[PDB]
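What follows is a single structure, written as structure tokens, with notes after it.
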Amino acid sequence: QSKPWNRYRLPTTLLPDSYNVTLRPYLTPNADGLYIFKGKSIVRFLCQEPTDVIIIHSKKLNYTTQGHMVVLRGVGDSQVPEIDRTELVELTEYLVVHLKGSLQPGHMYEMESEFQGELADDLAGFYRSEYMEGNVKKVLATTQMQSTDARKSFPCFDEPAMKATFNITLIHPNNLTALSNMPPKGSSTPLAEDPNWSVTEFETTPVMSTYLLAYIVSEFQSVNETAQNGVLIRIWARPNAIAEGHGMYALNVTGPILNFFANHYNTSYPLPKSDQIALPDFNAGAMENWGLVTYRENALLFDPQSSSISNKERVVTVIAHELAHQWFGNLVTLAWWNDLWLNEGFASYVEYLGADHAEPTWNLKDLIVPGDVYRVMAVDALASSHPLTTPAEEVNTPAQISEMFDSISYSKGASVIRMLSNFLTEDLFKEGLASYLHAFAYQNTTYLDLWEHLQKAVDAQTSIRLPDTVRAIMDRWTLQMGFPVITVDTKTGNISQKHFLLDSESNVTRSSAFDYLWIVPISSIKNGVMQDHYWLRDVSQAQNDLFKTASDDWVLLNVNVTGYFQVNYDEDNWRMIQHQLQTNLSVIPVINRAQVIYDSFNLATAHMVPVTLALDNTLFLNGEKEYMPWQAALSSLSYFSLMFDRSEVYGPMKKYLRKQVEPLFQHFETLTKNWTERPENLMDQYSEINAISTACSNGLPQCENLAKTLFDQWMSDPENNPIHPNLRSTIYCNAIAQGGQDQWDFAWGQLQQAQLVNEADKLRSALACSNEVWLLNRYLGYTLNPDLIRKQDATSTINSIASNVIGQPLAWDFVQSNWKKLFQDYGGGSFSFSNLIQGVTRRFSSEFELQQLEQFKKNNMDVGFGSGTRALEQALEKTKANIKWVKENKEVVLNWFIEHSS
Ligand SMILES: *[C@@H]1O[C@H](CO)[C@@H](O[C@@H]2O[C@H](CO)[C@@H](O[C@@H]3O[C@H](CO)[C@@H](O)[C@H](O)[C@H]3NC(C)=O)[C@H](O)[C@H]2NC(C)=O)[C@H](O)[C@H]1NC(C)=O
Ligand SMILES: *[C@@H]1O[C@H](CO)[C@@H](O[C@@H]2O[C@H](CO)[C@@H](O[C@@H]3O[C@H](CO)[C@@H](O)[C@H](O)[C@H]3NC(C)=O)[C@H](O)[C@H]2NC(C)=O)[C@H](O)[C@H]1NC(C)=O
Ligand SMILES: *[C@@H]1O[C@H](CO)[C@@H](O[C@@H]2O[C@H](CO)[C@@H](O[C@@H]3O[C@H](CO)[C@@H](O)[C@H](O)[C@H]3NC(C)=O)[C@H](O)[C@H]2NC(C)=O)[C@H](O)[C@H]1NC(C)=O
Ligand SMILES: *[C@@H]1O[C@H](CO)[C@@H](O[C@@H]2O[C@H](CO)[C@@H](O)[C@H](O)[C@H]2NC(C)=O)[C@H](O)[C@H]1NC(C)=O
Ligand SMILES: *[C@@H]1O[C@H](CO)[C@@H](O[C@@H]2O[C@H](CO)[C@@H](O)[C@H](O)[C@H]2NC(C)=O)[C@H](O)[C@H]1NC(C)=O
Ligand SMILES: *[C@@H]1O[C@H](CO)[C@@H](O[C@@H]2O[C@H](CO)[C@@H](O)[C@H](O)[C@H]2NC(C)=O)[C@H](O)[C@H]1NC(C)=O
Ligand SMILES: *[C@@H]1O[C@H](CO)[C@@H](O[C@@H]2O[C@H](CO)[C@@H](O)[C@H](O)[C@H]2NC(C)=O)[C@H](O)[C@H]1NC(C)=O
Ligand SMILES: *[C@@H]1O[C@H](CO)[C@@H](O[C@@H]2O[C@H](CO)[C@@H](O)[C@H](O)[C@H]2NC(C)=O)[C@H](O)[C@H]1NC(C)=O
Ligand SMILES: *[C@@H]1O[C@H](CO)[C@@H](O[C@@H]2O[C@H](CO)[C@@H](O)[C@H](O)[C@H]2NC(C)=O)[C@H](O)[C@H]1NC(C)=O
Ligand SMILES: *[C@@H]1O[C@H](CO)[C@@H](O)[C@H](O)[C@H]1NC(C)=O
Ligand SMILES: *[C@@H]1O[C@H](CO)[C@@H](O)[C@H](O)[C@H]1NC(C)=O
Ligand SMILES: [Zn+2]
């Protein structure tokens, strides 16, 4: 029998009740440059089953407790066994307290410890973050427990189902502010031992999970709002960011978002206050700590002066996402990490609903389709994918837990939940959701608990009828990987399903309990009119007159792509859809106008339609004004550009795109009143951004003229940038492309003095658009200079240069020649060789380039590839696939573009 301290899952013999935790970060290093924090904790737990051992999590903590590593006491008049010994078991991250007798069921005990750890700059547990304010380097203390790092800050039963209340105290410099999940109990008091420090106590948390705890010590300031219900809302950030008003947009949307969710969930916001904090360089992006949500600065802050509309969209959606968790995930918590997909998938869906409430004119809900659905379908259409569900017994180690946080969990999770809400109807979904939250508040669940409550809602009504139980249907979408392609023969109305793979040659080896058959909800529109809903059952082939058409009619499936599948038709129906889009596109919902493009290109890749059919689906775009269908084409054609932009195909391709985008460019020229006023709503602003990008990058003279005019105007008056933030990336790039060292040196100067990261990012990227070899080479020479290009921006900059058709060989030579820099950037800065390799070899599509890459690999004699080890193998296999693709498609594609480029 294995010893319990050698198992990754905690015993169930002891359950926590409540903790007292006091933490004291030392923001001044110890002269050796080591930063530490000290702590003291008492955990009160109940004995469920007799046991003579206490096993609790502890990671990277040294104990200074008097005696053994802990002191153990009985609660009330309970007696306690004597401690035999305490030991740390590093592998399973445990503190183990061996007793001389057994704890008794029903009795409560209190275990006290004193400890200290490194306050490392490692974004894990209680950690430090360094940043600059003027000439002064600032250091703050903050937390990231997410998943399994609470145990890195204090000893605890660190599993999400083992909830408890927490009493947090922070001891900190008296001129800094201390924040935690809950409000402070009152004013801070001087630390008696040293009044230079103060003590801030926080109100008891509700019953909650360790991974959601947070505490922060900083010089940050806030903007505030009190909601009508008395809930205090604050946005926290660097004093200078606050002064500049960069926290205002976040403050603006937070109240409405919280209001939306309280109603959506039929459950009051469960906390007295809401803090959200913008942290510089928070690489985790954002973390839903209950009552104290952390964000990277560029995700929470917004500068109206320099930020584009896409920045606003990022802010409102990221906030909606994290605030969604304040109920779903935090109030009701999934019992184990194998069900992470339900938590993150749910939030990834409802972020659009919450954001839509804050910005109801933006049509934000549409963005899940390009943003999550088609994004995740790219990886879920591979033999190497995996089901949403994972058996709980297979997820044990911190590494295995971390593997749960991927594209499948977030984006496919969002897609299937959205599909579920749609086929149940939102009203029914919300009823089951409310029932679920009410039943399990302050407790833990599995995904089966949600299905059960949704089923209760279904069973309580008569309108919505399903072909099977909620669980049976959802099992098809969660227990097996991938998704079907739905193929329709409109001559007969025959309809079929099969597991969709982008590679028609790939072998699926992962077995499915369902033989890769799904139960599929299928909406349809015929001649622009909605039809009755249909369910495809667990059969490969079926027939229905809903999908049978006349010679002059057309049918289109999966309205607004609510269903997690792609659709193919017979060529006659395709041609009819094309005809409709050519004559009156308004008859087909905008999302489905995009779908036709997204799906057909994927179908071409899989050899289910000819590549010419996919290209034919872009023909209507000359009359398309809306964002998504254009985006679908640009996303689908980026690979074509990547493969052909150095070949004879490129001329006709650009000419075709110029032809398609010119009418849209002209449209916005008038609408925007000579480019003086942006379109009103988000989607139209996005359409303008893409139109200008497409026009300029494909050499439309009218766009080139606009870019030159604006950049010249800016150069004549640097302090007054005349270029609207929305268009900066294109205008900067195209103008630098047209100009020489005058434009380049001007932009370089602007970059070196840039205050905001987003503006700096745009400048770095645009500088790579120069068509002068000597400028691109001189630029490459700067990428490895920390004084000129930040280390964290180095590979990004090289990749931008590589993206330039002229910069391609320059960057590839630069990477090869300077590869002897791995022993300089791996132990002192990750650098990420994987991203560099992928970006520079992205274009490779010939046997000659394959030989060059194989020749580059021949430096195998030590030096390795570091974190990019075997990422080179991905480039080798990708090149082989590109070679095969170009050979198969070159002639057909060239002729199509010539044929349609006028
Ligand atoms: C977890 O932390 C809690 C907050 O500190 C502890 O509860 C507090 O205990 C204090 C004493 O340990 C009480 O303060 C005063 O202590 C003096 C001792 O000399 C007593 O005479 C006073 O009666 C007492 N003050 C009052 C007003 O009664 C705090 O009152 C008390 N705070 C509370 C109950 O909110 C917990 O004891 C601690 N848990 C464990 C297990 O140690
Ligand atoms: C938790 O306890 C650990 C073990 O006691 C500490 O790690 C050790 O720190 C020691 C002191 O910094 C290192 O020993 C040597 O100390 C002298 C004088 O300080 C230095 O000149 C030496 O450079 C140093 N040795 C080395 C190899 O650098 C130990 O090496 C080191 N042990 C390790 C890393 O296993 C932790 O510091 C302590 N942590 C906290 C937060 O208290
Ligand atoms: C957070 O919410 C605030 C309240 O809704 C917004 O405040 C609005 O800012 C707008 C832009 O600054 C103002 O619109 C116009 O601004 C121009 C230029 O300053 C003025 O000439 C106009 O008079 C003014 N009004 C118009 C066009 O009707 C709004 O006046 C102002 N609204 C209110 C109620 O104060 C913030 O913009 C918003 N913050 C962010 C970052 O979105
Ligand atoms: C954290 O603080 C809370 C609030 O003071 C403590 O809750 C009290 O616990 C004691 C003993 O268990 C009870 O007699 C009181 O009724 C509780 N008060 C409330 C408001 O619930 C809690 O015990 C503290 N946690 C720890 C570990 O001491
Ligand atoms: C809080 O107090 C500390 C300590 O006095 C301040 O830190 C100093 O800041 C000045 C800048 O004015 C630096 O020159 C010193 O090097 C800092 N000293 C140390 C020991 O770090 C800090 O500025 C104060 N912060 C606030 C917000 O009042
Ligand atoms: C949760 O939803 C319930 C049911 O919709 C709400 O209770 C209803 O409130 C309306 C508003 O006037 C009344 O007309 C109904 O009679 C109520 N129904 C029932 C069954 O009580 C409730 O207000 C919501 N609660 C929260 C916290 O959002
Ligand atoms: C995990 O969640 C379950 C509920 O899904 C908790 O079990 C419930 O506990 C409450 C409070 O004691 C009881 O009222 C219910 O009867 C229990 N429901 C069951 C067993 O289905 C369970 O306590 C939670 N686990 C932990 C460690 O707290
Ligand atoms: C549509 O499906 C039907 C049946 O579901 C197919 O018709 C059958 O074709 C087979 C061919 O071997 C015959 O043995 C059966 O007698 C036919 N059944 C009938 C007429 O009821 C038909 O081929 C399918 N059409 C397609 C795929 O276009
Ligand atoms: C498909 O999506 C479109 C939006 O892209 C839906 O149209 C919206 O419908 C709601 C509710 O009727 C209106 O409040 C909006 O004004 C509509 N927006 C636009 C831009 O038209 C449409 O309802 C969806 N179709 C189906 C069948 O669900
Ligand atoms: C898949 O299996 C086939 C035989 O069915 C084989 O020819 C082929 O090499 C395998 N792998 C791929 C990637 O096609
Ligand atoms: C095009 O279709 C739309 C959507 O039904 C309709 O409102 C409009 O009248 C049609 N326009 C023309 C010119 O046929
Ligand atoms: Zn999330």
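First residue shown is number 1, and so on along the chain.
Recorded method is X-ray crystallography, 1.9 Å.
In case you wondered, yes, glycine gets a Cβ from its N, Cα and C as well.
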What does Swiss-Prot list, out of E313, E344, as binding the same Zn(2+) as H321, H325?
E344
For the disulfide involving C733, grab the partner from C703, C769 as Swiss-Prot records it.
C769
Second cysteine of the disulfide that Swiss-Prot assigns to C696, among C156, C703:
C703
Based on a Cβ-to-ligand 2 distance below 6 Å, what subset of the recorded positions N20, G285, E288, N289, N560 would you report?
none
To the nearest Å, how far is the Cα of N62 (N-linked glycosylation site) from the Cα of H321 (Zn(2+) binding site)?
37
Where does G285 (substrate binding site) sit in the DSSP three-state scheme?
coil
CA-CA, which of the recorded positions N20, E322, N507 lies nearest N252 (N-linked glycosylation site)?
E322
Whole-number Å distance between the CA of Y410 (site 'Transition state stabilizer') and the CA of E344 (Zn(2+) binding site)?
5
Using only C-alpha positions, which one of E288, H321, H325 is spatially nearest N266 (N-linked glycosylation site)? These are the binding-site residues in the record.
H325
Taking each of the recorded positions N224, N289, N494 in turn and counting other Cβ atoms within 10 Å of its Cβ, which one has the fewest?
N224
How many Å separate the Cα atoms of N196 (N-linked glycosylation site) and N224 (N-linked glycosylation site)?
28
